[PDB]
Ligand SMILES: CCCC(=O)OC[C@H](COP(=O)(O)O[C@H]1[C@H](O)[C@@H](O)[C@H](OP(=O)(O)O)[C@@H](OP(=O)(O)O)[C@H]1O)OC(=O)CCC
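The chain below stands alone and is given as structure tokens, in the form solved without the ligand.
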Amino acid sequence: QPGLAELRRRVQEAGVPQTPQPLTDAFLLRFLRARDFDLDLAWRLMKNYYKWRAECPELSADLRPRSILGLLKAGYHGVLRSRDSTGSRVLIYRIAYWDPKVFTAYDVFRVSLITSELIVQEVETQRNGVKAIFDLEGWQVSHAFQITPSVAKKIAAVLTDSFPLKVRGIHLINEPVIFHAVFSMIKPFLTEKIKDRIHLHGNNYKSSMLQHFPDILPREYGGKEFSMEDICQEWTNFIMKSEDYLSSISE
């Protein structure tokens, strides 16, 4: 790979912490692939990733799952069994299974960080990226109370050059009108390729979702072969089985 050992010379001569993430070839590949081996942006992303980590100890330091197990058990999150036509990983998040009384927005954010770290190891996921589907049915004001400006800036960074993962699609379903109306305002001021990656489907999402993701959705969203229950429990399994590797890369 053009820049496999080349990039490590920038890593050594800068003084990047060797722990908790061992600076292996397997770890350094994440950053190059995440920018299509553009060595220049790969280095900015690596700096931004560790900058993001040093800025957020309450989030980035701890990847140990046992703390957000209740959320996974409640069925907040599952990853689809298959990749989409572009080979991207497809993730589903379900707002109605987040209890703001029990779990804070930072706990919920950790779930994405955990999943992101496990799937980023997959080569195809590095090349093809991820698409994320947010089912906003069950949105309460108590959820909104949790999304402070500080939380929103962290969502922003992690989706744009602060994590070694291409975001290839953000899909919202069952959003409140208020979400769609505000987004309508910010939409025209966004770049051309970015507003091609954000999709607000509303309540009548059936067919737009099938255009984007044929054959691979759970029954709840128009598919025919499995349910959210299945993939949630499956993904919950994968995370708890990987809890040791997750511990070994924590602080």
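Residues that one form lacks are left out of the comparison. C-alpha atoms forming the largest set that superposes within 1.5 Å between two forms make up the rigid core. One rule holds for the numbers: they count along the sequence shown, beginning at 1.
This protein has a second form, the form deposited with the ligand bound, left out of what is shown; the following refers to that one.
Trainee: So, in the entry with it bound, is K166 in contact with the ligand at a 4.5 angstroms heavy atom limit?
Mentor: Contact check for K166: yes, within 4.5 Å of the ligand in the entry with it bound.
Trainee: State yes or no: in the entry with it bound, is some non-hydrogen atom of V102 no more than 4.5 angstroms from a non-hydrogen atom of the ligand?
Mentor: Because no heavy atom of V102 falls inside 4.5 Å of the ligand in the entry with it bound, the answer is no.
Trainee: In the entry with it bound, is there a heavy atom of the ligand that lies within 4.5 Å of any heavy atom of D161, even though the partner is absent here?
Mentor: Output for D161 is yes: heavy atoms within 4.5 Å of the ligand.
Trainee: Give a yes/no on whether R35 approaches the ligand to within 4.5 Å in the entry with it bound, heavy atoms considered.
Mentor: Output for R35 is yes: heavy atoms within 4.5 Å of the ligand.
Trainee: Have a look at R197, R53, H212, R64 for me and say which one sits with a heavy atom within 4.5 Å of the ligand in the entry with it bound.
Mentor: If I apply the 4.5 Å criterion carefully, the residue I get is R197.
Trainee: Just one of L39, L190, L69, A26 has a heavy atom within 4.5 angstroms of the ligand in the entry with it bound, so which one?
Mentor: When the ligand is considered in the entry with it bound, the option within 4.5 Å is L190.
Trainee: Judged by heavy atom distances of 4.5 Å or less, which residues of 137 to 157 approach the ligand in the entry with it bound?
Mentor: Result: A156 alone.
Trainee: Please list, in sequence order, every run of 3 or more consecutive shared residues whose CA atoms are displaced by 2 Å or more between the shown form and the other one on a core superposition.
Mentor: Segment displaced between the shown form and the other one after core fit: 184 to 192 only.
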